[PDB]
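Listed in order, the protein sequences are those of chains B and A.
According to the entry's author numbering, the residues represented by the first sequence are 5 to 109, in order.
According to the entry's author numbering, the residues represented by the second sequence are 3 to 109, in order.
Using N, Cα and C, we set each Cβ at its ideal position, and we do this for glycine too.
First comes the structure, then the notes that go with it.
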Amino acid sequence: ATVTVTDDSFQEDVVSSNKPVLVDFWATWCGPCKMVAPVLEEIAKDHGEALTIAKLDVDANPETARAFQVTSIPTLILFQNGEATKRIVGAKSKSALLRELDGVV
Amino acid sequence: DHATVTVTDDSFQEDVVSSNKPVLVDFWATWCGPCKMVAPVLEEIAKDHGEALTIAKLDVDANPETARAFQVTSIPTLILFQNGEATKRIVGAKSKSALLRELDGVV
Ligand code: NA
């Protein structure tokens with residue numbers, strides 16, 4: 005359910021997205037990134053009609069990491085109509101992320 | 003004694019944990035902008051103080067075992083080691099004056 009976005013695809017996949025997109029800016033070795041990943045997938049499976057969930061590997065896509073000044077990981081950014089509207093830092097439980105996504109799901 | 007050094011997952015135990023000099027490790031990444039700001043600051047501190055303090059750089063994505071070991075979730079993170087004990091954790095880019103103040107008593 006989760007989609008992979010890159011520096012090349014970001015504009016089409018996220019900024020030009022008809023529906024809201026939550027982007028997980030993550031890195032490979034980071035504990036909280038490993039933990040939040042399946043939580044996001046379970047959210048994407050449950051709320052797929054309302055919300056797209058995307059992953060952006062910061063090490064592989066440094067242009068987009070830098071554009072949103074990602075300096076803590078994971079950083080989750082909600083995009084609505086081309087604009088970043090929520091920024092959530094750290095692993096979060098399913099319930100905590102659903103709090104942050106209230107009115108979007 | 004006058005310049006920064008590189009440390010790795012393979013070299014960390016010998017270079018940092020077993021060092022008799024204090025060591026300041028810069029946990030940095032290619033994808034993180036503020037790391038570019040702090041790098042020359044660290045070099046300037048090494049020039050002035052390298053006989054007393056080793057300044058080491060650890061690229062977190064190349065060295066995932068050490069990055070995870072110190073639970074570095076913000077970049078850059080600078081960790082001071084004294085006798086292998088992590089005694090201070092400094093988060094984010096800092097000015098030369100600011101970093102020198104963080105290193106009070108060390109340099
Ligand atoms: Na890298």
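(message) Using a 10 Å radius around the Cβ and a threshold of 16 neighbouring Cβ atoms, would you call residue 96 of chain A buried or exposed?
(response) In the second sequence, residue 96 of chain A corresponds to position 94, counting from 1. Label assigned to residue 96 of chain A: buried.
(request) Show which residues of chain A have a CB atom less than 7 Å away from the CB atom of residue 62 of chain B. (result) The residue you call residue 62 of chain B lines up with position 58 of the first sequence. Per Cβ cutoff of 7 Å: 33.
(message) Between A:5, A:84, A:29, A:15, which has its C-alpha nearest residue 94 of chain A's C-alpha?
(response) For the purposes of this step, residue 94 of chain A is taken as residue 92 along the second sequence, with counting starting at 1. Ranking the options by Cα distance to residue 94 of chain A, first place goes to A:29.
(message) For a quick check, are the C-beta atoms of residue 63 of chain B and residue 31 of chain B less than 8 Å apart?
(response) Taking the first sequence and counting its residues from 1, the one referred to as residue 63 of chain B is at position 59. Taking the first sequence and counting its residues from 1, the one referred to as residue 31 of chain B is at position 27. A contact, by the Cβ cut-off of 8 Å.
(message) Does chain A have any CB closer than 8 Å to the CB of residue 1 of chain B?
(response) Limits of chain B in this structure are 5 at one end and 109 at the other, which puts residue 1 of chain B out of reach.
(request) Starting from residue 89 of chain B, follow the alpha helix (DSSP H) in both directions and report where the run begins and ends. (result) Here residue 89 of chain B refers to the residue found at position 85 of the first sequence. Where residue 89 of chain B is concerned, there is no enclosing alpha helix (DSSP H), although the beta strand (DSSP E) it sits in stretches over 87 to 93.
(message) Can you tell me where the beta strand (DSSP E) holding residue 59 of chain A begins and where it ends?
(response) The residue you call residue 59 of chain A lines up with position 57 of the second sequence. Unbroken beta strand (DSSP E) run through residue 59 of chain A: 56 to 61.
(request) Would you decide whether residue 48 of chain A is buried or exposed? Buried here means 16 or more other CB atoms lie within 10 Å of its CB. (result) Residue 48 of chain A sits at position 46 when you count from the first residue of the second sequence. So residue 48 of chain A ends up on the buried side.
(message) I want to check one thing, is the minimum distance from the CB of residue 33 of chain B to the heavy atoms of ligand 1 below 7 Å?
(response) Sequence index remark: in the first sequence, residue 33 of chain B carries index 29 (1-based). Every heavy atom of ligand 1 is 7 Å or more from the Cβ of residue 33 of chain B, so no.
(request) For the region 18 to 86 of chain A, list the beta strand (DSSP E) runs that are entirely contained and at least 3 residues long, ordered along the chain. (result) 25 to 30, 56 to 61, 79 to 84
(message) Looking at the secondary structure, which residues open and close the alpha helix (DSSP H) in which residue 116 of chain A lies?
(response) Residue 116 of chain A cannot be examined here, being either before or after the span of chain A that is shown, 3 to 109.
(request) Check whether the Cβ atoms of residue 101 of chain A and residue 90 of chain A lie closer than 8 Å to each other. (result) As a first step, residue 101 of chain A is located in the second sequence; it is residue number 99 there, counting from the start. As a first step, residue 90 of chain A is located in the second sequence; it is residue number 88 there, counting from the start. Going by C-beta atoms, residue 101 of chain A is not nearer than 8 Å to residue 90 of chain A.
(request) My understanding is that residue 66 of chain B touches residue 37 of chain B, with C-beta atoms under 8 Å, so please give their C-beta distance in whole angstroms. (result) Taking the first sequence and counting its residues from 1, one reaches residue 66 of chain B at position 62. Taking the first sequence and counting its residues from 1, one reaches residue 37 of chain B at position 33. So it is not a contact: roughly 16 Å between Cβ atoms.
(request) Confirm, please, whether the CB-CB distance from residue 56 of chain A to residue 98 of chain A is below 8 Å. (result) On the second sequence, position 96 is the one that residue 98 of chain A refers to. On the second sequence, position 54 is the one that residue 56 of chain A refers to. Result no, Cβ atoms of residue 98 of chain A and residue 56 of chain A do not sit closer than 8 Å.
(message) Does chain A have any CB closer than 8 Å to the CB of residue 89 of chain B?
(response) Taking the first residue of the first sequence as position 1, residue 89 of chain B is located at position 85. For residue 89 of chain B, the answer is no, since every Cβ of chain A falls outside 8 Å of its Cβ.
(request) Determine the chain A residues that contact residue 66 of chain B at a beta-carbon separation under 7 Å, and present them in chain order. (result) Counting from one through the first sequence, the residue named residue 66 of chain B turns up at place 62. Those are 32, 33, listed as they occur along chain A.
(message) In the DSSP output, which residue or residues are listed as bridge partners for residue 7 of chain A?
(response) Numbered from 1 along the second sequence, position 5 holds the residue referred to as residue 7 of chain A. A:58, per the DSSP bridge assignment.
(request) Determine the closest residue to residue 43 of chain A out of A:15, A:84, A:87, A:80, with distance taken between C-alpha atoms. (result) As a position in the second sequence, residue 43 of chain A is number 41, starting the count at 1. If we check each option's Cα against that of residue 43 of chain A, A:80 comes out closest.
(message) Any beta carbon from chain A within less than 8 Å of residue 76 of chain B's own beta carbon?
(response) By 1-based counting over the first sequence, the position of residue 76 of chain B is 72. Chain A contact via Cβ: present.
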